[PDB]
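K.L.:
The structure is given below, and queries will be raised subsequently.
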Ligand SMILES: [Mg+2]
Ligand SMILES: [Mg+2]
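Protein chains in written order, with PDB author numbering: chain Q, 1 to 240; chain W, 1 to 204; chain R, 1 to 117, 125 to 242; chain Y, 1 to 211; chain P, 1 to 244; chain S, 3 to 233; chain Z, 1 to 222; chain X, 1 to 195; chain a, 1 to 233.
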């Protein structure tokens, strides 16, 4: 079998393949995650270079791993499918062996472990994907939001963004998001998520996707018109 | 215990003038218990017809297997499989399980689309081909069917006369078998039309 | 290119030497061993204020009598910790007893040089393994990706290590109390850290014979930081 | 052998006999048929002693590793399932195991029956071994959810005594355990010989036996 | 040893791109243009054969359009031999699904499967990727008529209209201009041929340089029919639409 | 230069540079001395610390009741090779009820090291070993190089500044070989030998490591206050 | 058909004292009605103040003892010459036995020594590795002849104090090493009289804090 | 874990399964639920060898739940039954087959039709208006053959089911400790808590 | 699992003051057929050990080849192969015992009963038994098969316990062995008159005696035995 060590240290103590995988994430469309008091919202950029697209059937950017946990990403689209499939299999495997669904932290730890494994196994390259994993633990009303990256490190975030121009939207979130008082309602949380993407997106038309996840497996994706109403209200307040 | 008689059932095929007929009962049972009166044992892949008797799970498995294989055949060959070719495929597929066989008695019936020649064939559970000119029998009342066919059959019967012959062969054979009956179907097959007839029979 | 298991002209393995450079870029971790217990402390180093700092887990329990702190590519440490926990619990299964700290450390270090063309590269993380057993008392070990492990009275690893180690050289003595060690870790962490040290960007832990391995609450550490500030202002 | 376990208001009682036989020969008068998996989990033991000891001692390994990884104590449901899945690996191979996994977790007191077939049953009351039928009689007629800890301990004790008297392969001594949310509490070793006469006098039972 | 000769087909560039995937896409840009257009009452597949000869036996020839099952077909752009490897695998997957669930495989599930196979060759194994881009035209009872594309990276997307191969930039602009949502198959047939006629590198678009197919519910009542056009039938539709 | 990228490549003059680089790792290692008489065999090792807070790296490893070694170079490689010796000694005892001859132990170590010098993917061992033992033919001392070369000697030294100790033993040859039935005097000669390799530092109580095996003496290691007698 | 098992007879006895332990066994080895050896040692000093006997099928017995002795050696190598405690040895033997759960060592194993508080300890194993700490255990051919006698004379079962008539039990007073050896010798002398596989010789290994000592006694050779 | 019945009426499928579990000569449990929900509108009851039944049922459940998440879509009862049949047909020629008989009661939301599939451990599948496994059919089928209509209401189906259970309770030698009854219709799966 | 086909009967042995004696007849039986009359079942290993084998002859020939290979292997890279590092009886036995037990543990035994007789480096007598089950034991006298039942009783009258060994000379020991072989020839239906005898002494080394015969037999009393009860003529 093909055993070639592709991910190796350089003289300065860097693993270039892992670092170049992060450059693939930088190229990917922007993804953002914001957790309110009783919800988490996942926002995703859709590049409008591709029209004539069939939006019914085109792979959506946010994926359900279980009924209570979702996963969004930035980077190589094909790579993300492998992580999503593995995560979905592990979720069912946990329910089967332990008789509880996965916690959000556990699912994150698993996906992050798969990514790490692909940085020191022979004959394989790292995943060119960073993920945002959000949801609610079974019988728990505390929001959960985690981030993973190609190296395999993971951590919890009050709010986070990944992908292209994520530096800019993180700048926005750092000055607009208050920890002492997070977005108290679904409205406020979605509004702040749309506002953050409007710093980077271009047109607020079909370029912004929003998915709201509430406790007890309550997950819904907002439509174009619903998002368009947020886009309208934001700029009308801005004209002042 | 005997896998070839747990579920019961029969299939018979016959050749006629520019036609073939294939027929089967509708019973599925668990030994003495009758379970289903709608368990058809004849399938078709294009214009080639396959009847299968024996262990019902293998009947279903093999149908799905031959649908699988004839669909790939058609995609690659760009034509429907012929009865002669399909017969060899059934034989090959059964023999590959030589030491762990499907407990079945398959029967092929059809008309070659190019030559127009009527064709029938029978197999044992491991693949041995019986290519008879007159008739093929299979199932838990095969002895009874041999008796009926041997006396009732005559060559070059017209389609509607062949229908009566094969129907009476099946019915009366099934009525001397505990594990066969509960309805019956007869296919009359011509080069470009096939008629399917459900027969009325005693339900014990 | 060149083999992953290649020797340099000086007689060193290139990849092992390069992984040591990755560890130098890691956040600082410090350990101090006393006769009352071993203290482990780390710099959390959150990359952003929106990152919830209590999710940064650089101090980890291996068993009730063994703790561990990490520095470098911390993702690499997870499989090492998993092996350590398995080795500790497996030995208890086979022998109905606690495993020796040295034996646990040796088991972790056996993974180190299992790379080639096994894993494709060495680990890019160093570990401070602290614990207690009945035979050798309180112990602190430094496990490297070379497969070598040294026992230490006190040790610092990570970006501020040589400055911290010089400080540990002067401060450590064989009569240190647990409380004195706690303040000493906090003092040296505060010295080498970029950002100002508080209970949210630094973490303490210890291992004692009585209570075993414990990670300190942010409230508990905050008091020790306030106690440190006052005693430094006392002269 | 006779083992039982039952759920009640303030936890679960676990009671077992202490006899081991090799045919008619009594090889042991005092085997321990309760394994202290951990301070919050108990397992009874009937069938092959080695299978029970080995696989439940290993279960404790798995439960400890679970707590180290996740930071929480494992549930009774999850623990019982890990054990049942180990059995299914050696299914058809001759393992012999029948035990009650007893504990207290988030859903309250919990009790699961697990055997070598892979069977995994949640329930309020269970009994296994050659003398289980005798223990069931005493249990079924006296069991309430409304039992006190004192009365529940006596019930499990009295139920083993019933089996020890009638079943030839049950006896020796009775071991009691009470499982709380703060952990299991051992309630001593009780010789059946001494217990029988004591219970006969105080209770008035076993009139047919001369004392 | 052997390391010396290893090209390392599954590595990132400093910019975070996959060398071999990018170079495979460069290869595909020289292949004959294939177009797919989705309408309300069916799907059209049109494709240009590469500089042919008069001695090529066209009526038995197939280099662009392939049948995966009765409901799903693909248009190929790139190495034909590479495509046939993947096509046969997809045909098997469709039959595996049909055997397992006793229902025809949904279009996307087949597409995802093939796209995952392509993905694997970019992440592990040290082998070159498949130099192929597919346009998938299919129907199922969940989403109805569907168009997809996949490329050597293993990424796939859904489309109302799409082109692969040569001159996709020019072709996509022309499709984006004239395509409407309420369009029908007969209109889509015309759009596809008109787009190829304008983007082609050949002097003129003739029947012998084309492969054509439709997927219609123009099959007697609630069912779907695949029509791989014969040479004479391509010649007729060219006259009907007013190109020759 | 162009021929040192892997162990599978000869240079134009017929050299194996990766093996030579592995040999270099031994020269960087701390000094250790071996010597024997007709009744006993002794190992003396200068242990090295990381700093003043650190412990002194152990140098001597027991392989059996009648055999053991001292190391210089990559310590993990010594652990691998000593583990192999422990297994081979043990195989001989369990299967043949026979204590493994020291000479045969050397042949086994040679062959194990050799396989790592002729194959692609692997690397040579980066450690040198001094094996002492007492078997049916008396006391023995072996020197192991990771090139595969194993040599039986009266005395030797390996590691940094080992040349000084080696010259001393070459002078003292006729004296220390005759130290029969006197373990303390044989150790003294070894401690005096290793002293010829010291600079700036001297032999302290946690610095010195000594091992001995002989006629009626199982392989035993002395550390700490047990070697203060010899300082 | 090939039978991989056999029966070499023999009887062993382990008794734990207050600060000592004894493991005794007869030295006769047999097949069917024949004597293989009148003196074939069956109780072994395994190091670390632990004594062991694996009685039943001698080939499996020798194999298990050999593997346990080996395990003690490697425990020293792997864990810095730490002394293997009797409880740790016991758990280790369980895994050696259960490792062959589906093709067992056909033996009844007993080990003896001192626990970590210096008190006498005996552990008893079945062929597939179930074990427990015990005060008194006989194993092998004449086990059923010996154990009832030990219940009566070591634990004072069914013995009550004269005058009380069943009301007060005979108190469980501690036995000296000399007292235990007397009960061991009388156990084997009585077993020799009534069991054909028991005889020739009796070898006793005594474990104290000072180490392991041996005592040998002649038994009837018929 | 012996008796499992099924009946498909106008707008729903009703599954009835016994509550008893026996170990040796003792009944361990009289409230055992021999069923698993595979999807919101698909229920599977089971009976066969101890252990294998639950293990197989849960394995099937996990696979259907995995499919549901991957595709964000509920498989039709027919598709689920075919998957289950293949797994049993696979299993019968394995080293150690899974000795499990099942009934699959589902409501097809596309066709708006209830569906009942009977599959034995060999992988013998049949779609039926009413079904059973083992000997259960020997006592009940004569009543079902007489009284059953395809236009029966859910309430009439329950009444016919009560008659079947009463006949079982009269002529069966084993005490199966009554049955748990569950209904599968357009709104999903619910349990009849008084039967 | 197999069955023995061609078989050798008893091997008998005992210790005496300065060494050990071992003996075995020269027959290879094929059931009740006395098929092969020139089979050597005592196989010397060096000048200090003799391995006596009974049971399956095909397996005996296999063991004979293992021992031959063992001597070859021991000499490899061994300057003291004919001195301090020569094969000992104890080494040879432990090796065979390991092989026998391993083979029974794979359910494919070497169908034999083996006695290893020899003298160690320090002059100590070595005598130990091993069989197809891997069972091992030592005793002042050892015998296999029929020898166990008939020879041991006679040999134990000479050396009944350990303390009798120094009191037993080589002449007395050989005499007892030779008498035992005669008794086995009278009473074992699978024995022959021809046998081999080996003496391993710590002073005079290995003496291997071939083509020995059972002599001084008593048969004359048979002439007076008539009928089975009442017959006089
Ligand atoms: Mg009837
Ligand atoms: Mg006797």
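Backbone N, C-alpha and C fix where the C-beta goes; we use that ideal spot for every residue, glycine too.
1. Which of the three DSSP states, helix, strand or coil, is assigned to residue 166 of chain S?
2. Can you list, in chain order, the residues of its chain with a C-beta nearer than 8 Å to that of residue 120 of chain S? Leave out the 5 residues immediately preceding and following it.
3. May I ask you to list, following chain order, the residues of the stretch 130-155 of chain a that have a beta carbon less than 7 Å from some beta carbon of chain Z?
4. Taking the beta carbon of residue 228 of chain a as the centre, do at least 16 other beta carbons fall within 10 Å, making it buried, or is it exposed?
5. Starting from residue 106 of chain S, find everything on chain a with Cβ-Cβ shorter than 8 Å and list it in chain order.
6. Per DSSP, what kind of secondary structure is residue 140 of chain R in: helix, strand or coil?
7. What residue does the beta strand (DSSP E) around residue 73 of chain Q start on, and which one ends it?
8. Below 8 Å between beta carbons: does that hold for residue 28 of chain X and residue 121 of chain Y?
9. Less than 6 Å between C-beta atoms, sequence neighbours within five positions excluded: which residues of the same chain meet that for residue 152 of chain a?
10. Quick test of your reading: residue 205 of chain P and residue 243 of chain P, contact by CB under 8 Å. State the CB separation rounded to the nearest angstrom.
11. Quick one: Cα of residue 172 of chain S to Cα of residue 155 of chain S, how far?
12. Should residue 130 of chain W be counted as a contact of ligand 1 given a C-beta to heavy atom distance under 7 Å?
13. Can you list, in chain order, the residues of its chain whose CB lies under 7 Å from that of residue 167 of chain S, leaving out five sequence neighbours each side?
14. Using 8 Å as the threshold, is the C-beta distance between residue 28 of chain a and residue 39 of chain a below it?
15. Compute the Euclidean distance between the alpha carbons of residue 223 of chain S and residue 154 of chain R, then round it to the nearest angstrom.
16. Under 6 Å, CB to any heavy atom of ligand 2. Which residues pass, going along the chain?
17. Of all Cβ atoms in chain P, is any one closer than 8 Å to the Cβ of residue 81 of chain Q?
18. Just checking, does the stretch 60-77 of chain X make contact with the stretch 75-95 of chain Q on the three C-beta pairs under 8 Å criterion?
19. Please list, in chain order, the residues of the stretch 93-104 of chain P that have any C-beta partner in chain Q closer than 8 Å.
20. Check the Cβ of residue 178 of chain Q against every Cβ in chain R and list those closer than 9 Å, keeping chain order.
21. Taking only beta-carbon atoms, is residue 69 of chain X less than 8 Å away from chain Q?
22. Output the distance between the C-alpha atoms of residue 147 of chain S and residue 7 of chain P, rounded to the nearest integer angstrom.
23. Where do the N-terminal and C-terminal ends of the alpha helix (DSSP H) with residue 56 of chain a fall, by residue?
24. List, in order along the chain, the chain a residues whose C-beta lies closer than 9 Å to that of residue 34 of chain Z?
P.N.:
Per the coordinate set shown:
1. helix
2. The answer, listed in chain order, is 9, 10.
3. 133, 134, 135, 136, 137, 138, 139, 148, 149
4. Residue 228 of chain a should be labelled exposed.
5. 77, 78
6. strand
7. 69-75
8. yes
9. Correct list, in chain order: 141, 143.
10. 6 Å
11. C-alpha separation (whole angstroms): 11 Å.
12. no
13. 33, 35, 159, 195, 196, 198, 199
14. yes
15. Between the C-alpha atoms of residue 223 of chain S and residue 154 of chain R there is a straight-line separation of about 23 Å.
16. Z:192, Z:195, Z:196, Z:198, Z:199
17. A Cβ of chain P is located within less than 8 Å of the beta carbon of residue 81 of chain Q.
18. yes
19. none
20. In chain order: nothing, as chain R lies at least about 11 Å away.
21. Closer than 8 Å to the CB of residue 69 of chain X there is at least one CB belonging to chain Q.
22. 37 Å
23. No alpha helix (DSSP H) contains residue 56 of chain a, which is instead part of the beta strand (DSSP E) from 49-56.
24. Under the 9 Å cutoff, chain a gives 148, 149, 152.
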